[PDB]
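**Student:** this one is an experimental structure. Sequence first:
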Amino acid sequence: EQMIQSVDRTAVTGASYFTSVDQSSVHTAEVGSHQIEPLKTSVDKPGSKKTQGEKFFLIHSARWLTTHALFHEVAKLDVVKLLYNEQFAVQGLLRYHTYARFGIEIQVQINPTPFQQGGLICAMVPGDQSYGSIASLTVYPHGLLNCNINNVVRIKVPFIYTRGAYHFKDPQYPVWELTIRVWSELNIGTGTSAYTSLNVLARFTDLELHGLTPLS
Amino acid sequence: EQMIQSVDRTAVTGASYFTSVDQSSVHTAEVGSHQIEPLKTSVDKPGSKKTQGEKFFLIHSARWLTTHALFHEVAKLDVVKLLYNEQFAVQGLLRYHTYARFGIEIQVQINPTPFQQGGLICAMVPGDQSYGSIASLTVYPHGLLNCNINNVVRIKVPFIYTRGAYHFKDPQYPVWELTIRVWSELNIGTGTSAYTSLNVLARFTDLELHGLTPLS
Amino acid sequence: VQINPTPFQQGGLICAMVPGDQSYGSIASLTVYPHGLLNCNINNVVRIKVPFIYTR
Amino acid sequence: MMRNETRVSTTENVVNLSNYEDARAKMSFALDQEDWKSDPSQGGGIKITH
Amino acid sequence: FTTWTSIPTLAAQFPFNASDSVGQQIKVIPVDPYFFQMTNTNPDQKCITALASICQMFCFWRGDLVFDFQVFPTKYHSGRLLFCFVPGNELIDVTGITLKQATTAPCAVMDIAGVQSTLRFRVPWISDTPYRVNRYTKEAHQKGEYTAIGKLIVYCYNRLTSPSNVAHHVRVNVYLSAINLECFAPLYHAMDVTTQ
Amino acid sequence: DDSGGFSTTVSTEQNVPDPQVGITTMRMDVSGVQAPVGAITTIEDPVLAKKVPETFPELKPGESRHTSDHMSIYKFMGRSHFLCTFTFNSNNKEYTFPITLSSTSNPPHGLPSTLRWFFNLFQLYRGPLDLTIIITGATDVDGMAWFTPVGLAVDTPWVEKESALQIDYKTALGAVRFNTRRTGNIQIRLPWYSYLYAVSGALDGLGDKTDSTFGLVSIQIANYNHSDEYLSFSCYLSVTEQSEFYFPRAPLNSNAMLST
Amino acid sequence: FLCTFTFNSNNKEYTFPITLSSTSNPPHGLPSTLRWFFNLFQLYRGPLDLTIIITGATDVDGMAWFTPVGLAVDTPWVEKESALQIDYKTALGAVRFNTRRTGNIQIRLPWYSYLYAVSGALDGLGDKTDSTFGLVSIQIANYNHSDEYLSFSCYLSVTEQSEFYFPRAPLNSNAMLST
């Protein structure tokens, strides 16, 4: 009397989101094993979500002149919408998913010559540039530029929204709205250059994705 | 005598791959904290590389007839090249990176009526369909279809290549080459349908990325 | 070595002690020798100490 | 089954004269390979080596 | 031989004018230890780096390279540069990359003024083959064998704002050295000035 | 599980490398009284495919008489084989032949009879070799041979012509020196100097001209000639214990096996 | 590689010095690889390792000897008659070889010099004094019968007894010449 072992047919096999329920299956026949490389051909750490999703991106720039009056708005941009573009590396994850929950890091860079004078303001505003006073923008999380002291500010903010998550392919209303106002006017003399450039850097923090979709 | 604490200026701050070396910085001023949701608005686990990268994809199909002769090649496809396309969700990670090292899972599905007879063969071949004998394809990791026994086979293979990693935007030569041959001819009678469909499923295993590039 | 720039100017120098000869060695690689770099932004005095190198 | 193989290297059959290790002989005219002892009987003990 | 290779020597030279727009590409660098472009007239000679006169005698090379950028400003200029590294080989089409498109690649910024004046930039090893061949002995091209791991781009991230009684350009020297270097398979070959 | 999936049906390990010692030896009936469960089976199950079959009452064969085994690669291919042969015609004519593992390059330019069959049974080759040459013909001829890795400047392959490289570039790579009157044989190693991981046998496209060749041997002669006697060389290869082999492959058909 | 030369008639003595100068352009001096190597540093000290290869005719008797610097010897790089007697040659130590039997000599070279160490790159009168440390000469006999060329070659090396001092800036592209 013997006992003949047979093939396995009905089980839950496959990937996580692709459940292959089969009435007929076979044992996996594959040779070898995963060898390590003692003489490595790439000395950098391999790619993942941590090294691709959270990385500073140049999304928009402006330029600050001497002829802009008081309280003029230099740059008015949507932070979330400009990140969603093919030219950045974060497109490869957000294109195939639907909902997301995230935080925003902002970095602003300018370069004054020490012959000039003036200042700016960079405040992250949620939802709307509504009827709130321009003179009280310092209640918002902001940073003050000044041609005497410093040329780089940075802002970190949590997630403030009225729903569960953001929807990329059909947005309700923009979550964050960055704004840059002329806090004091720019004054030069004779022969001093009448402009300085501006830059805005941005990245996500704590990106969480849900519900991958097949549609492009 | 007092000691006046001041602002921090020179440090390594920012994201991992964006090192913001600044001679002037400020302490981060941001309010609130990360709250959890006791009444959740999404009951699925959030997105990551594990739920987006490794998932079965339908990449190519063919159809098996009665008029195909012996040893005819039904489908001849490149496994790696067909995965690299915008219509899948794995494009969002591979578009912004350069090198990758990976393994391949294959699933083949057919559907015979029990009035027919015949069989197929599905062998994963590395590199080339070179001068090797067709009669000895069973040395390769393969799976045998049969209209009497079973209709689903699956193959798992490790990484076999002559370099460190694969290069998407400029491939050297295709790593894997799937092939499907007519192992025995298809025979019907009168009124039995003279065809059956075929499908090929595929996904990655152990995806590792290196060296993100800015170019599209 | 001592120099004195006004802060309206810009530029730099190099002061390398060379034994024996100013032979066919490249000018672009004088930093292999014991040297010191002057700069009108940073510093105006450099100093070099060397041992005895000779064939007799 | 004897197995002894030696590769013949370069500088074959070359006479060196500079040092003593290559200037010395390989065979002798003398019978029975004999050697001579010391005899300071007529020199008065004066022997020169430097 | 590492007594020569681990010491930085001057390789390249480029100015930073005050009349460039934001996103203008200043200088491209192929990443290899074979790169050098300086020369002199009296006497007639083609200058060499210390790193190029070690690796010109080997068929293969491997390891991380260290670029050192040294600026020479006054105390009163201001502006920011953006160094970017694109992985690849010595021939791709690289000037179509816009300034926003360069942030996908690994990059770093530099502030001109301050008390520091040197940026040490360590390039990682990104390749598909373990060793990268020397090809400059040969004459024809062939797809698959190369001499580089990619190229480097120098952008203008912020403009040069300055007073009137100072100059209008800041010159930058480019050094060159290596770390964790490995070569084998000796030969003889004399290099030639890469004219970029 | 690493991927977090699920599987109940298994496709097991396939084509186990080096399964059995090829000498007929022992480690009483082998088959017998018990009813054969291995007589009937299903070949489409990879689990049930590795069961040892029996149908008839058998027993142990015994032990062979010759000591060493002839079914191991390192003792089979330890015997040398043929690679190529060529002649000279005039003075200072340099010759160059590459070692090419391509299945496309038909002989005489490529691998002949035995070595063409052997190096297409597997995918990847890695490691050094062992080269022996035999001088046949005239005497009083001075020669010099050197080795050049791939991806470097060297003369054209398979073309007997003048020398186009100086004496400094030749001797820097390391060379030998021999006279046809004294020795008549050179038994030389060949190093493994290549930037890529391992060369491969059967490829197409541009992968064949890049990833096949790993070595390149050239021979220059001097003091030839006096009154015309043919100077014929031959070249014989081998394999060494440092070398490795990877990924077994389907063998060649009858039409690929050509000869000289 | 170091050098190569031929003979033409009977009893013609030849002499070549080992010179570490950067001024003496090849063929008279260091060729391609050795010219590049011995100018990467300042001071060299210690013995060498010399191999020569006889190519060409047979049945030729030869003799080679070594002379330190600062002593009387024939003119360098000039194939001419012998000007020294047999007593002065064999006192310095010599070898003996026949071209039919061996065809190779693998010989050491001693370090016999009054000064501390020779140097690579100098000018003025320091180049003609402090560069050369050795001097090798070869005399042939029984040449000839019906004219066959007798070509020699000379190959150098380095030994573990030798030393190196004071790293130096490498040569430019124009100094690296070849044969």
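**Tutor:** Thanks, I have the structure now. Residues are numbered from 1 along each chain as shown, chains lettered A, B, ... in the order given.

**Student:** which stretches in the chain count as helices?
**Tutor:** This is for chain A. Listed in chain order, the helices of chain A (DSSP state H) span residues A:49-52, A:79-83, A:91-94.

**Student:** meant chain D actually
**Tutor:** So, for chain D - with DSSP H - there are no helices.

**Student:** stretch F:239-258 and chain E in contact?
**Tutor:** No: using C-beta under 8 Å from any C-beta of the partner chain, we find that stretch F:239-258 stays clear of chain E, coming within 15.3 Å at best. Where you see a C-beta, it was placed from the backbone N, CA and C, and this is true even at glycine.

**Student:** want to try JSON lines for the helices of chain A, with distance to chain E and mean neighbour count as columns?
**Tutor:** Listed next are these as JSON lines, based on distance: least, C-beta to the nearest C-beta, whole Å; neighbours: other C-beta atoms under 10 Å in any protein chain shown:
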{"stretch": "helix A:49-52", "distance to chain E": "9", "mean neighbour count": "19"}
{"stretch": "helix A:79-83", "distance to chain E": "9", "mean neighbour count": "18"}
{"stretch": "helix A:91-94", "distance to chain E": "9", "mean neighbour count": "23"}
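
**Student:** and of these, who's closest to residue A:27?
**Tutor:** For those, distance to residue A:27 was read as C-beta to C-beta. The smallest value, 33.5 Å, belongs to helix A:49-52.

**Student:** helices or strands next to that closest one in the packing?
**Tutor:** Helices and strands touching helix A:49-52, by 3 or more C-beta pairs under 8 Å, 6 or more residues apart in numbering or on different chains; DSSP states H and E, are helix A:91-94.

**Student:** please name the residues that touch the residue nearest the centre of chain D.
**Tutor:** If you average the C-alpha coordinates of chain D and look for the closest C-alpha using C-alpha atoms, centre = their mean, you land on residue D:24, 3.6 Å from that point. Contacts for residue D:24 were tallied using C-beta atoms under 8 Å, 6 or more residues apart in numbering or on different chains; there are none.

**Student:** excluding its backbone neighbours, what's nearest the residue of chain A found nearest chain F?
**Tutor:** For chain A and chain F, the shortest gap (C-beta to the nearest C-beta) falls at residue A:11, measuring 1.7 Å. Computed as C-beta to C-beta, 6 or more residues apart in numbering or on different chains, the closest residue to residue A:11 that is not its neighbour in sequence is residue F:8, at 1.7 Å.

**Student:** that older thread, turn the helices of chain A into CSV, including distance to residue F:27.
**Tutor:** Listed next are the helices of chain A as CSV, based on distance: least, C-beta to C-beta, whole Å:
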stretch, distance to residue F:27
helix A:49-52, 52
helix A:79-83, 67
helix A:91-94, 56
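
**Student:** burial check on residue F:86, number of neighbours?
**Tutor:** The tally of other residues near residue F:86 (other C-beta atoms under 10 Å in any protein chain shown) stands at 15.

**Student:** in three-state terms, label it for me.
**Tutor:** Classification of residue F:86 using DSSP: H, G, I helix; E, B strand; the rest coil returns strand.

**Student:** tell me the contacts of it?
**Tutor:** Residues in contact with residue F:86 (C-beta under 8 Å, 6+ apart) are F:95, F:97, F:160, F:232, F:233.

**Student:** helix/strand/coil for the residue nearest to residue A:11?
**Tutor:** Going by three-state DSSP: residue F:8 is coil.

**Student:** distance of the closest residue to residue A:182 other than its chain neighbours from chain B?
**Tutor:** In space, and not counting its chain neighbours, residue A:182 is closest to residue A:72: 4.7 Å by C-beta to C-beta, 6+ apart. Residue A:72 sits 24 Å away from chain B, taking C-beta to the nearest C-beta, to the nearest Å as the criterion.

**Student:** kindly report the same for residue A:85.
**Tutor:** As it turns out, when the distance is counted by C-beta to the nearest C-beta, residue A:85 lies 10 Å from chain B.

**Student:** hmm, that residue is touching residue A:91, no?
**Tutor:** Yes: between residue A:85 and residue A:91 there is a contact under C-beta atoms under 8 Å: 6.4 Å.

**Student:** just the buried residues of stretch A:165-179, please?
**Tutor:** When burial is assessed from 16 or more other C-beta atoms under 10 Å in any protein chain shown, stretch A:165-179 yields the following buried residues: A:165, A:166, A:168, A:175, A:176, A:177, A:178, A:179.

**Student:** nearest to residue A:210 among those residues?
**Tutor:** Using C-beta to C-beta, residue A:165 is the member of these that lies nearest residue A:210, at 6.7 Å.

**Student:** how close does that closest one get to residue D:9?
**Tutor:** Distance of residue A:165 to residue D:9, computed by C-beta to C-beta, to the nearest Å: 81 Å.

**Student:** now do residue F:101
**Tutor:** Counting by C-beta to C-beta, the gap between residue F:101 and residue D:9 amounts to 34 Å.

**Student:** so these two - more neighbours on which side?
**Tutor:** residue F:101 (22 against 8).

**Student:** distance of that one from chain E?
**Tutor:** Applying C-beta to the nearest C-beta to residue F:101 and chain E gives a distance of 16 Å.

**Student:** what do you get for residue F:249?
**Tutor:** In this structure, residue F:249 and chain E are 22 Å apart, going by C-beta to the nearest C-beta.

**Student:** residues near that residue, how many?
**Tutor:** Residues near residue F:249, counting by other C-beta under 10 Å, number 21.

**Student:** equivalent analysis for the one 4 residues further on, please.
**Tutor:** By the other C-beta under 10 Å criterion, the neighbourhood of residue F:253 contains 13 residues.

**Student:** residue contacts, it?
**Tutor:** The neighbours of residue F:253, taking C-beta under 8 Å, 6+ apart as the test, are B:131, B:132, B:133.

**Student:** top of those by neighbour count?
**Tutor:** For those, neighbours tallied by other C-beta under 10 Å; top is residue B:132, 22 neighbours.

**Student:** ok, residue 44 - how many residues close by?
**Tutor:** This is for chain A. Other residues lying near residue A:44 total 19 when counted by other C-beta under 10 Å.

**Student:** switch to chain E, that's the one I care about
**Tutor:** Residues near residue E:44, counting by other C-beta under 10 Å: 9.

**Student:** for the residue of chain D found nearest chain A, grab phi and psi.
**Tutor:** Minimum separation of chain D from chain A (C-beta to the nearest C-beta) falls at residue D:7, amounting to 33.6 Å. Geometry field for residue D:7 lists phi and psi as phi -80, psi 130, criterion degrees, to the nearest 10.

**Student:** cheers, nothing more for now.
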